[PDB]
Each structure stands twice: as C-alpha cells, then as structure tokens.
Amino acid sequence: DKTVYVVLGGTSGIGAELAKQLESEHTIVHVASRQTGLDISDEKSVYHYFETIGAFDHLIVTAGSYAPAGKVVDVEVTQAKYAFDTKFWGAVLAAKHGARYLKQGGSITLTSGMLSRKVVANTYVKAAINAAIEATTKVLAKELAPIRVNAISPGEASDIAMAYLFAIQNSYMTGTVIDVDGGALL
Amino acid sequence: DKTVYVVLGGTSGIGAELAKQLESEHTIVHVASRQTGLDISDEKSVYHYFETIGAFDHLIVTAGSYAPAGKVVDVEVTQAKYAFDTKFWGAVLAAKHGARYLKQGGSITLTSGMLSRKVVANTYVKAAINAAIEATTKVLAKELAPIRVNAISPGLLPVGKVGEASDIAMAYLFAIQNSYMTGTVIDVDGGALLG
Amino acid sequence: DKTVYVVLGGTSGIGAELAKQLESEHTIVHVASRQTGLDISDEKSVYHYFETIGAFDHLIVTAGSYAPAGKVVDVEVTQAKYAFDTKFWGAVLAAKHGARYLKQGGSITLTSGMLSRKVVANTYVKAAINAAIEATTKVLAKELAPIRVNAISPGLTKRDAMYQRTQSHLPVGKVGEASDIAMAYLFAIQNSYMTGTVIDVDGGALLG
Amino acid sequence: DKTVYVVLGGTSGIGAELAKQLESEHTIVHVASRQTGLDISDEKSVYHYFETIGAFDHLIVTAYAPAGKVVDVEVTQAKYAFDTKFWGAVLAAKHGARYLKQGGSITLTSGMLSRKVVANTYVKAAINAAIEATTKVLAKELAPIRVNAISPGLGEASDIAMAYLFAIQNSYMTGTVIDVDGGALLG
C-alpha cells in the first residue's frame, strides 16, 4: 500500500514542517497532539491513538516543548515532573504501544536536544529529559531490532526536518543520536 | 569544629561502608534512609530532615536501589515512574533542599551507574535514571560553584573480580577530598564499560 | 554556476560510491588518490592538488584505510605512524590547504569510524586515529565558521562467512552498503545547519 | 618486598609532585625524563630504560604542543608534539607492560581539551583524544593490568597527583578517564 507515517507533536513546529515534507501521493501522514485530542503523557490515550491508526511504517515523536527553567534549588519539582511526563514518558509510551504496529523496515525517531550534553545553568530539567531520551533510544534500538531507533538532537525548521528524513531513509543507522544544532555544542 | 557528613541511603550497602570509613575523631556522620524514617522521594520529608540536621559540609546520596527490569514494551510505566521518583527525583530533592545547609568548601556526591552508558537490553529504567543523574550532576556543579558536585558511577570483567563495597566507597572519598574536582562522573565498574 | 566537489579517496570504496551519486550535469566532481597521483600524506602534494582545482564548494575526505592490526605491545610503532600519516595527518593537510578555496556556503566532511568509541582489542591505531579525527573535526568546525565541518563515522561496510558473522550480531541484521554510508555524506553536505557533528552509520555496532 | 613506581616525566610539574607523595619507607620511586637523559619519543631509549628498571608495579606517564589554527600551525611541529606525548605514551606502555607485577597498573595523562572544544588547540585536542581512546584499548588488552588516564585542566599540583594515587589504589578501576579540571569542562 502506501508508506504510513505517524508524527506525534506534528501539528506545529518541527513536527508540522516534517509532515509537510512527508506528504506525497505515495504516503499517508498522520499528525497528532493536544490539539487533536492526543495526550501523549496519558497511557490510555496513547494506546487509543495507535489502535485507531493500525499498521504503519515510521514513528516520529517531537512533542514536549515546555519545562520549568531555573536552578535545581529553585525550580518546583511538580512542574519538573510534569515536564518529564510529556517529553520523556510521552516518548516511552509512544514507543511502548506504537512498536507492535511497525511494518518490516520500520523505524522510530525520537527527539532529544543539545542540552543533554551542553551544560547550561537553569536547564537541568531539559538536560535530564534529553539525556534520558538518548539512553532509552539506544536500549530501544537494541531491544526492537531490526526496527531502527534513532534520536534527533536540535540546537531553520527545514534543516531539522531534513535530519528526521535521513533517520527514516538510512537503513544502516540505528541507536544513534544526530546533532543538528548549528554548532551550539562547540 | 568537626566536619559533618550526611549519607542518604547510608544504612546499608555502599552508603553504610562509606559511613563507617568517614567516622573519625574529627567528623560527625549522619545516615538516613527509609529505615530511619526518611522517604527521599517525598519533598516534605526531605525538607524536614535537613531542617533537623542544620549546617553541614558534605552531602552524599546513594539511595534508590530498585527498578523494574524488562523490555520497554513490557515494563509497567507506573513502576518505572516510581523507580524514577526514588533514585532520580530523590537525588534532585536531596540536592534542592540540602544545598542550603552546605558550609563553604562543601560538596554533593550523587550516584549514577554504568548502565547510563553501557547499553543493555531490559535496563531502560536504570539507563534513563543514571543518564539523568549524570546530566543533572553537571548542571548542579555549574549552578552551585564553588560548592562542588560530582557523581560516582558503580558497576556490578577485565579486573577479574566483582566490586567490593570498599572499592566503591573509595571513589566517594576521592570526590569528597579532591577540591579541584567538580562536575565529573567517576567510573568504578571493573572495566564493564569496555564491553 | 556549477557546484564543485572534491572527494579525496574518491577513486574507490565509499568515496567512489559517493562521487557517483554526486555526479550530474550541474555538478563538478573531482576525485583523487594515490592512483591519480595524490599522496594525501605529503604536504607539497596536497598543496599542488588544490592549486590545480582552485575554488570549489565541498571537500570530502575518505582517504586512508589501512592500519596495522594488533596489540599495543606487538604493533610496530613505525607502521602505526605511517597509518597516522595518511588518515589523520592527511585529513589535517587537506583541510589546512583546501580551506582557503572553499566558496561561501561550503563545507568539509571527514571520515573517522566507530572504532573511535567501540573498544575492540587489537585496534588501537584505528581507534586513536578516529578519536583524533573527531576531536579535530570540532576544533575545525569552530575555527572555520561559517564554513561547516563534520565527520562521518562508518561501521563495517561491504570472507562471505565474515559478513554472515557480523550481520548476525548487528541490530540492523545486515552489513553496510557503500551507498548507505554515502547517504550520510550527502546529508552533511546539504544540511546548512549542521557543523561540528559526527554522524554514526554503523548498523548499531556501537550498541555492543 | 617494596612497591616500585616509575614516573616518566617525574622530574617536574605533576610528575615531581606525585613522586614526592609516593616516596616512603615501603616504596621505591624511579623518575625519568629529558632532564635525566630519557627521550620518551625514542623507542630504543625507552626500551633500554625499562631494562635498567626491571620488574615493577605501577607506571605513570605525565610527559609542549604548537598552538594556533589548523590552517596556520606547521604540521611538522604538530607531528613533533605527537611524537613526545602520544607516541611517547604508546612506547612506554608497549615496552613497560611485560615488567608489571600482578595487581599493577598503567596511568596515562590526557587533558580536558580532548573534550572541551577550543580554537587554536587542535594539536592538544587530537593528542588527548588519541590518549583516552588508546587508554581504553590498553585496559582491555592488558587485563588484569589496570589502565586509566588522568585528564587535568589548565590548578594545584597535589590535587592532580591525588587523582593518580586514586587510579593506582583502586583495584576496581580500569579503562576510565578521571577529570580533575576544576570545572573547566562545564564551560
């Protein structure tokens, strides 16, 4: 049939841009988010979503933009956990319930961020989330093989989107994190 | 004029061995854990605990031992989150509320684990927790300067033995005594990371 | 005008595959190696080459592939230094003398390899070289901005039983195809927001 | 009966400080370098040196590099720095290993620049990256001989020395790189 893509968080930002570049006559591109009635942080909602989608080829997760900023000593832990619930656990749930529907040659592309490795004050929540995502990405790449699992690590929306396509298209890549940060890590 | 230590999870395992070694004519060593009525995953408890301790010199967190093993697709997420609450958020809470009482020249030493970097099937909860601790360790180190913050990353082999508690404890003592070290992660894994 | 590519080591292997994919009617693809009279380990030979080419857009270095296998205690140091001279110092010489000729929006893409981080007995020369390449990539990326500098880090790429032995252990289930690796170069070349990065394409070998 | 230490680069700086801390009634501490006539970048010279030492327990290598942009630095100078620090370490490990007693170790020196990206420092960065990668292969090949690296920043010499001592004393540590950079890696 057609190659089916699922872009969670793909209603806006990078997600939307990627969805646009994926739209063709030979593909089906599902996008979902809080806007479309998917709470990626809620397991039953995530399970529901993938039940309505069925078998597809490539899963992309970009959801999770908010996080409380400030020093560890100041930042409210409840807000921090709420940040974790969406960007980290959201990805975990997505992989957990999406995986069984991936067709042969399928892939999962998660999203971390440079803050996983660039040490910046005020950003422990984002750094912790991203570091966890990158560790989980590699365990998944191992457990789910031959299903490929990679992460894009952002620092133009089209240049970021290009990295996802590359993850989706390269059949020899798995368990890797691709930095697209315009040299912020330097 | 004694140097004061707090070891969270210092009632057993690495913490207990480290607490013994820290005991001396010039030190006071407070140990706390579930056994002593401290729930490190609860902010109220942790906030109150440090209230009773007052100003001290070195904080060491070794607590949070359990995590549900298994594939990502199999592991119950609530259990995963619960493990996160204790080891990771426990360390965050300890640092968040412990930092205020640290005397000048003091330090915080956290515990991660080799699984943060050694990719092993069925260990995504520990891998994620440890990776998170190490990233947070470095942020803390930057924000708390001149207070030093480091992490010890224990392993279970090239060395031909399994790690003794005193070998791990030695790493903590090194972090505590070396005042030119902050924001580092000290591996003591018997070479397991070499795979 | 036409976009100009220089692929050092592009007369065979990964480089040859990449040169074929870059080949088109609106591009100019220069390939060179020992076969074409370029000794990338010899500074005056590298200087000569870029004088003949002049201004161009993208430099890709895949040159140098041999290194003595074995333990540190056994490997003849003189052979190690020779391998270093080609793959590492060759890349340094290519960037040093090629840089001034890169047009606006140009880039440099070097080649390391998984052995920079996958710890494998008997491979210290390759590991050392690749670790050196990747550290140098990032310093370059910083000194040459806005010229972009990145590095591709391939795993095993396509006796028959050795391939079967590998495939079985690789998460992807197959051994690298030359074009799988070349795709990564094309991505580094086309992505104007990527610099200072190392791109792993190793079929999951780094996972252990 | 005593424990024997060899510190290449031990006549000054970190090496000298470490040698001071290792000296005691129950140890023997050999120090060597250019100052004592040892040329660590010369294979024959390193080989012969260990002949004079014989069996021992712990080798420590703490043994300049041209600063400048990659486009500016003279490559023969860059190669000369590599000869002394990287290949010097390789030669020390290569010819000193067979002499190491049971429970012995090798501790090399890299530096934060292997991982802190700084303009004008490509030679040091490349050297320290090479060291840290070679360190881990060695730790794997030489097991159960332990092999670690100390990575200093641009600090107090005794604090750096403490890191070496820690590497030497911990029997459960091999293939690791210990940062004692005073927070410089944090940026």
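Going by the structure above, here's the rest.
Now for a look at the structure at hand.

This part is about the overall build of chain B. A tally of helices and strands in chain B yields 5 helices and 6 strands. Along chain B, helices (α) and strands (β) appear in the sequence β-α-β-α-β-α-β-α-β-α-β when read from the amino end. Its C-alpha atoms give chain B a radius of gyration of 16 Å, within 12% of the compact-globule value 16 Å for 195 residues. Taken over the C-alpha atoms alone, chain B extends approximately 50 × 40 × 30 Å along its principal axes.

All names here are of chain B. Here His58 shows up in strand β3 (residues 56–61). Its relative accessible area of 8% is what places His58 among the buried residues. Those residues in contact with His58 that sit more than four places away from it in its chain are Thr3, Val4, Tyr5, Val6, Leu102, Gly105, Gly106, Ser107 and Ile176.

For the rest of this paragraph, the subject is the pairing of strand β4 (residues 102–111) of chain B. Residue and element names in this part refer to chain B. Most of β4 sits inside the fold, with 7 of its 10 residues counted as buried. Where β3 and β4 come together, 4 bridges link them in parallel fashion. Of the residues in β4, the one forming a bridge with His58 is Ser107. Pairing between β4 and strand β5 (residues 148–154): 5 bridges, direction parallel. Within the sheet, the bridge partner assigned to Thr111 lies in β5 and is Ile152.

This next bit is on the sheet that holds strand β2 (residues 27–32) of chain D. Residues and elements named next belong to chain D. The strand order across the open sheet built from 6 strands is β2-β1-β3-β4-β5-β6, with neighbouring strands paired in parallel fashion. A strand with exactly one partner marks an edge of an open sheet, and here the two such strands are β2 and β6 (177–180). In this sheet, neighbouring strand axes are inclined to one another by 20° on average, regardless of whether the strands run parallel or antiparallel. Those strands touched by helix α2 (residues 43–53) are β1 (3–8), β2 and β3 (56–61), and its axis lies near 155° from that of β1. Running at roughly 165° to strand β5 (residues 146–152), helix α5 (residues 157–169) makes contact with β1, β3, β4 (100–109), β5 and β6 of the sheet.

Take the sheet that holds strand β1 (residues 3–8) of chain B next. Residue and element names in this part refer to chain B. In spatial order, the strands read β2-β1-β3-β4-β5-β6; together these 6 strands make up an open sheet with parallel pairing. Each edge of the open sheet carries a strand with a single partner, namely β2 (27–32) and β6 (185–188). Each strand of the sheet is rotated relative to its neighbour by a mean of 20°, with strand direction disregarded. The strands touched by helix α1 (residues 13–22) within the sheet are β1, β2 and β3, with β2 carrying the most contacts at an inclination of about 165°. Here helix α4 (residues 124–144) sits on the sheet and contacts β4, β5 and β6; the angle it forms with β5, its principal contact strand, is near 165°.

Residue and element names in this part refer to chain C. Contact pair helix α3 (residues 77–98) / helix α4 (residues 124–144): the axes reach a minimum separation of 10 Å and the direction vectors enclose 15°. Looking at the two axes, α3 sits roughly parallel to α4. As for the relative orientation of α3 and α4, their crossing is right-handed in sense. Residues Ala80, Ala83, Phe84, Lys87, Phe88, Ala91, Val92 and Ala95 of α3 touch α4, and the partners they reach there are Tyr124, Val125, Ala128, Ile129, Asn130, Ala132, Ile133, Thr136 and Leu140. Its residues assigned to classes, the contact of α3 with α4 shows 14 nonpolar, 2 polar and 1 charged.

Before going further, it helps to examine the interface of chain B and chain A. Opposite the 40 residues of chain B that make contact, chain A presents 40 residues. At the level of secondary structure, the elements contributing two or more residues to the side of chain B that touches chain A comprise α3 (77–98) and α4 of chain B. Its residues assigned to classes, the side of chain B that touches chain A shows 24 nonpolar, 5 polar and 11 charged.

Taking 1.5 Å as the rise per residue, helix α6 (residues 178–190) of chain C with 13 residues should run 18 Å; its terminal C-alpha atoms sit 19 Å apart, in good agreement. Regarding α6(C), the residues found buried are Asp180(C), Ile181(C), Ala182(C), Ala184(C), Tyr185(C), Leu186(C), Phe187(C), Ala188(C) and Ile189(C).

This paragraph deals with the packing of helix α2 (residues 43–53) of chain A against helix α3 (residues 77–98) of chain A. Relative placement of two packed helices is described by the angle separating their axes and the distance separating the axes. All names here are of chain A. Viewed as axis vectors pointing N to C, α2 and α3 meet at an angle of 40°, and their least axial separation amounts to 9 Å. Taken together, the axes of α2 and α3 are oblique relative to one another. Pair α2 / α3 crosses with right-handed handedness. Touching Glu43, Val46, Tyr47 and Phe50 of α2 are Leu93, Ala94, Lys96, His97 and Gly98, all from α3. Residue classes in the contact of α2 with α3 are distributed as 5 nonpolar, 2 polar and 2 charged.

To continue, consider the packing of aromatic side chains. Taken as a whole and judged by the stated rule, the model has 31 aromatic pairs over all chains. Measuring from centroid to centroid gives 5.9 Å for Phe84(C) and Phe82(D), while their planes differ by 55°, and the two rings are tilted. Taken together, the residues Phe84(C) in helix α3 and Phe82(D) in helix α3 (residues 75–96) connect one chain to another. By relative accessible area, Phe84(C) is classed as buried at 1%. Judged by its relative accessible area of 1%, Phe82(D) is buried. Judged by centre distance (5.6 Å) and plane angle (40°), the rings of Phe84(C) and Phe86(D) are tilted. One end of the pair, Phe84(C), is in helix α3; the other, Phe86(D), is in helix α3, on a second chain. The burial state of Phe84(C) is the same as that of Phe86(D); both residues are buried.

Moving on: the environment of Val6(B). All names here are of chain B. Within the secondary structure layout, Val6 lies in strand β1. On the basis of relative accessibility, which here comes to 0%, the residue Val6 falls in the buried class. Each C-alpha atom, one on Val6 and one on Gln104, is 15 Å from the other, the two residues being 98 residues apart in sequence. Each residue touching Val6, except ones within four places of it in the same chain, is listed here: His30, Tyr49, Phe50, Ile53, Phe56, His58, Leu59 and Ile60.

Taken together, the contact between chain A and chain C spans 27 residues of the former and 32 residues of the latter. The set of elements that each furnish at least two residues to the side of chain A that touches chain C consists of α4 (124–143), α5 (157–169) and β6 (177–180) of chain A. Tallied by class, residues from the side of chain A that touches chain C come to 12 nonpolar, 8 polar and 7 charged.

As a further point, take the pattern of salt bridges. Per the counting criterion, the structure on display carries 26 salt bridges over all chains. Notably, a salt bridge pairs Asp57(B) with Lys103(B), separated by 3.1 Å at the nearest N-O pair. Linking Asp57(B) in strand β3 with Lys103(B) in strand β4, this pair joins segments that are 46 residues apart in sequence. The class for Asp57(B) is buried, based on a relative accessible area of 10%. Judged by its relative accessible area of 32%, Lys103(B) is partly exposed. Residues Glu132(D) and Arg115(D) are paired through a salt bridge, measuring 2.9 Å at the closest nitrogen-oxygen approach. Placement of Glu132(D) in helix α4 (residues 122–142) and of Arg115(D) in the loop between β4 and α4 is noted, with a sequence separation of 17 residues between them. Classification of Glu132(D) as buried rests on a relative accessible area of 9%. Since its relative accessible area comes to 38%, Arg115(D) is described here as partly exposed.

Parameters and conventions
- Residues numbered from 1 in each chain as written, not as in the entry; some residues may be left out.
- Chains lettered and ligands numbered in written order.
- Heavy atoms only, no water.
- Residues with missing side-chain atoms left out of burial classes, pairs and counts.
- Helix = DSSP H or I, 4+ residues; strand = E, 2+ residues; numbered from the N terminus.
- Rg over C-alpha atoms; globule rule 2.2 N^0.38 Å.
- Buried < 20%, exposed > 50% of the residue type's maximum accessible area, 1.4 Å probe, protein only.
- Contact = heavy atoms within 4.5 Å.
- Pairing = 2+ DSSP bridges.
- Axes fitted to C-alpha atoms, helices over the stretch in contact; angles between N-to-C directions.
- Parallel < 35°, antiparallel > 145°, perpendicular 65-115°, else oblique.
- Left-handed = near helix turned anticlockwise from the far one by under 90°.
- Nonpolar A, V, L, I, M, F, W, Y, C, P; charged D, E, K, R; others polar.
- Expected span 1.5 Å × (residues − 1).
- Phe/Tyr/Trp six-rings, centres within 6.5 Å; stacked < 30°, edge-to-face > 60°.
- Salt bridge = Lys/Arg side-chain N within 4 Å of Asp/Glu carboxyl O.

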